[PDB]
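Before any questions on binding or motion, here is one chain by itself as structure tokens, the form deposited in one PDB entry.
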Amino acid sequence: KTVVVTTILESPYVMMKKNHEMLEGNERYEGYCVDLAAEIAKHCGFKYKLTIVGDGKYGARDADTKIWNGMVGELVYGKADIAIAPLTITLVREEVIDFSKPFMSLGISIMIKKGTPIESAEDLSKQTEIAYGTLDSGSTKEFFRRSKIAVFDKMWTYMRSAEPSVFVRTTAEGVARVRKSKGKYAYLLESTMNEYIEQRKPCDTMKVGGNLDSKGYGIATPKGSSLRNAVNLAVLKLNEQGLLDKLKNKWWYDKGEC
């Protein structure tokens, strides 16, 4: 049986090939997670179909309806068999889906337009001239909503009521808002994506300060999946071979434009 993979268009994890219009099926896509999916499938002995999550989201439980959206919802409601994506391992997600051991580390980080007078989360929290926000329906927004740490809770109180809205629907939208806001918007996003974007033309953004937390991305399966064990061992093998490190270098720094 074909394993249905849910994933998300997020550079450099999954991207449309320039010539995608000329291609069919899995061959339309390229990136770190496209390469990882091929390796996991080879090691576990399955055939698969890459599908892009219909709503373009990572996944959160909707405030009103209590229904999971994004890739998490695709797994919870039986629409996909596995998620191979930069999907953060969290407690509330582990209650409803399984994760492999992590394939990549990350932490929440700050993106600024170059020259913005901000060095830290504390700096952001102590001012309002420079607006700041996060992606909707993902782990970064939930980090601020749940944090008991004074600085991060102060940031949440500001973000949740800021006008106009500081939240964005996609990473690309956060990046565009940093680039177009003349230093007046800073974006909170994962260090992996921040570091990729810092390498991309026109190299007008950068990561500042330390990471706010430390966590990982994992390959997720629905509870009860027969794939769980083999997928986990395959991630460990690919790490131990240095293949995950090779893929990070390939997609972050061999594509590097500054």
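The first residue of the sequence shown is number 1, and the count goes up from there.
- Comparing the deposited coordinates for 8-16 and 246-254, the stretch with the larger average C-alpha B-factor is 246-254.
- The PDB entry reports B-factors from which the mean C-alpha value can be compared for 27-35 and 65-73; the larger average falls on 65-73.
- Between the residues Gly210, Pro222, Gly59, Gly216, the entry's highest C-alpha temperature factor is the one at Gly210.
- Between the residues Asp136, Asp81, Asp98, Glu122, it is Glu122 that shows the highest Cα B-factor in the PDB record.
- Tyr185 sits in the middle third of its chain by CA B factor, as recorded in the PDB entry.
- Among the modelled residues of its chain, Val175 has a C-alpha B-factor that falls in the middle third according to the deposited record.
- Per the deposited record, the Cα B-factor of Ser165 falls in the middle third when ranked against the other modelled residues of its chain.
- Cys203: CA B factor lies in the highest third for its chain, per the PDB record.
- Split the chain's modelled residues into thirds by C-alpha temperature factor. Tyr158 is in the highest one.
Keep in mind the form deposited in another entry is missing from the figure; the text below concerns it.
- In that other deposited form, the Cα-Cα separation between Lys248 and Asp136 grows by 3 Å or more relative to the displayed conformation.
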